[PDB]
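**Q** Return atomic coordinates for the entry below.
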Amino acid sequence: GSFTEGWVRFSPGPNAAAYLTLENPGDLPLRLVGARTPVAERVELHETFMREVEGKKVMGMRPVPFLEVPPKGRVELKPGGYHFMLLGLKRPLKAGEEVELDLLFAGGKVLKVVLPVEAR
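**A** Residues are numbered from 1 along each chain as shown. The protein structure is shown below:
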């Protein structure tokens with residue numbers, strides 16, 4: 001209560017991103033396997049992480065097979081956590097658009113949400 005939300009990323013590039021809060025009102029769990037929009041072609045869900053290398057800490061991004069959520073729970077697709085990559089843009093993303101987005105859930109579920117476009 002809340003209104004807990006996200007932004008699709010402003011970018012006149014070959015690619016962009018989408019970020020959001022997602023929370024499950026159901027009594028069984030969710031598993032988020034992708035999402036889908038008019039404003040881009042190849043959508044992919046990525047992680048964004050810290051990992052160690054040369055004994056030293058390093059940070060980066062990576063596509064994953066899914067995210068998931070317990071019943072009554074929440075995950076945020078925060079830039080330092082999880083997000084969608086948006087490749088092959090069907091318009092350059094302008095801050096102060098809105099985007100429709102079909103969130104894909106394991107088996108035969110999809111739930112269409114709206115998010116504003118924003119410059120972060």
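
**Q** need the contact list for residue 15.
**A** Residue 15 is in contact with 40, 85, 86, 87, 88, 89, counting by C-beta atoms under 8 Å, 6 or more residues apart in numbering. (C-beta placed from N, C-alpha, C; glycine too.)

**Q** Tell me where this protein has strands.
**A** 8-9, 15-18, 20-23, 30-34, 40-52, 57-63, 67-69, 74-77, 82-89, 98-105, 109-118 (DSSP state E).

**Q** closest one to residue 2 among those?
**A** strand 20-23 (8.3 Å; C-beta to C-beta).

**Q** Walk me through which strands the closest one pairs with, and which way each runs.
**A** Paired neighbours of strand 20-23 in the sheet (DSSP bridges): strand 74-77 (antiparallel).

**Q** Which residues does the strand it pairs with contact?
**A** Residues contacting strand 74-77 (C-beta under 8 Å, 6+ apart): 4, 6, 18-24, 32, 67-69, 82-84.

**Q** Compare those and tell me which is most surrounded.
**A** Most neighbours among the contacts of strand 74-77, by other C-beta atoms under 10 Å: residue 84, with 26 neighbours.
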